[PDB]
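Below, in structure tokens: the form deposited in one PDB entry, a single chain.
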């Protein structure tokens, strides 16, 4: 049975794949390759010319930023049982983009707001816009995975209660007991994460506030935000009003 950790880029997917790994592993993990090993990232596999077998007879966890309707996923149409769809406040994704990427912002925000996401950003591909992505993995999901049940979780909820919010993913994914959760929440940390990334870069190895600028932007973001356009729909729904 095939299981996706699906997410728009920068929705906190690394952080989540960290936790799911060190829970399944049991051991803490330091090396980032250790995470690609626990919850491999489809894009990465494909870049190597790997593609996981369709119809594994034991459970596999794969993570991706692809839209559920991407044709390369059609190989997994019948074998997909579960989807964990991880969601974040889109406003944060922008900051997360600058955070890693003031004239520079009041226009990327326009592109983002025109994009309704990161479509112009060459870093990722196949992700569509933020709402097209959420839809494909939630409400329109059976159009590309008809056997699948979905559990959505917000970055915002995982941060305010990491333990409980994780167990839900664990239990949903029927990965075992509620016991490992704390020690698994423990080794992944907005600090210990930053550290794990560091070691791995250094060894070589493969790796990885609004108005402070706005004023004029704000009136446009909030128009997108409260504006009967699928983005706003999904903002309304996952509490980003």
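Numbering follows the first chain given and starts at 1.
Omitted here: the form solved in complex with a small molecule. The next part is about that form.
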*Contact test in the deposited bound form: residue 99 vs the small molecule, heavy atoms, 4.5 Å*: yes
_the small molecule contact at residue 155 in the deposited bound form, heavy atom, 4.5 Å_ = yes
_Residue contact check: residue 210 to the small molecule in the deposited bound form, 4.5 Å heavy atom_ = no
*Determine whether any heavy atom of residue 188 comes within 4.5 Å of a heavy atom of the small molecule in the deposited bound form, and answer yes or no.*
yes
*Exactly one stretch in 7-15, 228-236, 215-223, 20-28 has heavy atoms within 4.5 Å of the small molecule in the deposited bound form; which is it?*
7-15
*Find the only residue in 193, 54, 46, 175 having a heavy atom within 4.5 Å of the small molecule in the deposited bound form.*
193
